[PDB]
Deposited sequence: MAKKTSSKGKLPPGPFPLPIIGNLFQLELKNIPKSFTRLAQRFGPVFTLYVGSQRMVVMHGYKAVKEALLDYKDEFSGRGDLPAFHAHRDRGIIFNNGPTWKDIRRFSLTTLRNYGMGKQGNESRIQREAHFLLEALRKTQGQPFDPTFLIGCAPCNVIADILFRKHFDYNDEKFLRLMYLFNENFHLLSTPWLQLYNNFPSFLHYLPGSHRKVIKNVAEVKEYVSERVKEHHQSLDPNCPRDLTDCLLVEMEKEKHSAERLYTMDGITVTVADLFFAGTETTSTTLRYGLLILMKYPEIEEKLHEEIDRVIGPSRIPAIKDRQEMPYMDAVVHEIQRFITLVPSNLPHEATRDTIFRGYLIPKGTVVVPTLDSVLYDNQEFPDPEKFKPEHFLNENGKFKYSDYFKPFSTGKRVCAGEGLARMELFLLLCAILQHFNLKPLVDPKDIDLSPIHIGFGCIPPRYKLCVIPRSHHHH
């Protein structure tokens, strides 16, 4: 007994029920019609969508092992079943677990804060270097989290002007962008009919292969000078783990597997944080009054010169709330990443067969209209008690939750606080249009929500 849903058509299933430019909106439309759990056929493939905190929470937390699979994403077939993001195989569990331990060992530790704090040095330099002229913040702000993850992964630090640096960011940006477009949405559910026609899916595929090749080469480089006594980074810690298991019959790690793990952490480690920061700057420019309040709190708690520290969050409730509100407001990965039933499952009273794609929607949660009155409006007080202290919400789920929760959550959240603190400590944001004319709406919705392209100026405070 499948969850209720619209009557599918031959070949295309439910494609008339879906607006490809705005799948999250189609999902919301379908939840009004059929309730919090529903069935869809997108092409021949069956999915069940959960919509709203209760349904999304049950799916991700009560049936953790049942939905701990990962739905196929054809554009990233080069990663499928290797690493962590795109694998629905036996190898997922211990590669994930090991990566998380290594990530954590590399930073509570204060290695993460320090690492972020020292990148803020280079980020702040680049912004001063624009000397108050208009600039596209895309490939400037983006260097910050990209270097931070490069330190952990490769022991590698890049100049902001360096050629392969800018190119890797370009490809990350292009992929996140194109994956959020309607042609790619159609491609991921009809890959066999469409794969060999021309179109943007081919750019994504080429792009994925280029990043993988760049990673691959850094990995083999790491092999050729690996000191098993003295691992330099996460890429090393994975090499060490592969060669402890030389004699083993069953292999957890391959050289292909590790490059995928690294290519994963490199892409995810860079793109979502950069997009978040970039969106956050555009929002703060739409509400001059919010930036002002931020400036006074930074001047009061930290002052004009002392490098922001994580221990400042407790004492900066307005900043803390704004940072949460940026992530809640932009719903950056608004349908989550797709899950799948590892087993024939009984959810509520419905059968969800093995290998049904399961979509525990995140925007439906982050935009709950009772948890967050006026959820469509940007409001720091969505995360502030009436007496002005930071207010926690169980609805703040932008990193998802459960078995497949974002592997970089700790890092990302630290980065957003400390980098946004740093930027506002030293700079005023200057929009090139009137704050009233700024349209905050995503220009593409799919895999992510993509901000409009814009230029701005930053005007030094110190």
Next item on the list: Could you sort out which parts of the deposited sequence are absent from the coordinates (no C-alpha) and give them as ranges from 1?
Entry: 1 to 9, 117, 473 to 476
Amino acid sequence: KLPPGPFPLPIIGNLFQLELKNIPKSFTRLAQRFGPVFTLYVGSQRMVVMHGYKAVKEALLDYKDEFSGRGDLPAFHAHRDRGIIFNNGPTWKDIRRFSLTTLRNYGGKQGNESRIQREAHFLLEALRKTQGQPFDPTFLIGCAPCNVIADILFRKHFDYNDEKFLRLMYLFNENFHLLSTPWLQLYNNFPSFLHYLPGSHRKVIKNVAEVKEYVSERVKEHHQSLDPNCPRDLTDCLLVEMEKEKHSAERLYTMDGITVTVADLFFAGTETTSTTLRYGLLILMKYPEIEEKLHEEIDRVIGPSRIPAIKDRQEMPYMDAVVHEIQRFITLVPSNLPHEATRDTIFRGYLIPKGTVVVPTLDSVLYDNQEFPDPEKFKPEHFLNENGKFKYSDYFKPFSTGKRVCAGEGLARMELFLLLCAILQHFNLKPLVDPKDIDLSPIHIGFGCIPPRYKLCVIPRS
From here on, numbers count along this sequence of modelled residues.
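Rigid core (definition): largest C-alpha set, two forms, superposition within 1.5 Å.
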Next item on the list: Could you say which moves further from this form in 5 other deposited structures of this protein, stretch 243 to 251 or stretch 120 to 128, by root mean square CA distance after aligning on the core?
Entry: 243 to 251
Margin query: Please determine whether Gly108 lacks coordinates in at least a third of the other PDB entries of this protein that model its flanking residues.
Written below: yes
Item checked: Between the two ranges 280 to 288 and 209 to 217, the one averaging a larger CA B factor in the entry -> 209 to 217
Next item on the list: Can you let me know which of the two, 7 to 15 or 21 to 29, has the higher average C-alpha B-factor in the entry?
Entry: 7 to 15
Checklist line | Per the PDB entry, maximal CA B factor within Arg167, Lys203, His247, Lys379 | finding: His247
Checklist line | Residue with maximal Cα B-factor (values as given in the PDB entry) among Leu239, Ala321, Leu366, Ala268 | finding: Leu239
Next item on the list: Going by the recorded CA B-factors, say which third of the chain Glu371 sits in, lowest, middle or highest.
Entry: middle
Margin query: Based on the deposited C-alpha B factors for this chain, I'd like to know if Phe34 is in the lowest, middle or highest third.
Written below: lowest
Item checked: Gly69, C-alpha B-factor rank within chain (lowest, middle or highest third) -> middle
Notebook entry, point to check: So where's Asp256 on the chain's Cα temperature factor ranking, which third?
Noted result: highest
Margin query: Considering every modelled residue of the chain and its Cα B-factor in the PDB entry, is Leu226 in the lowest, middle or highest third?
Written below: highest
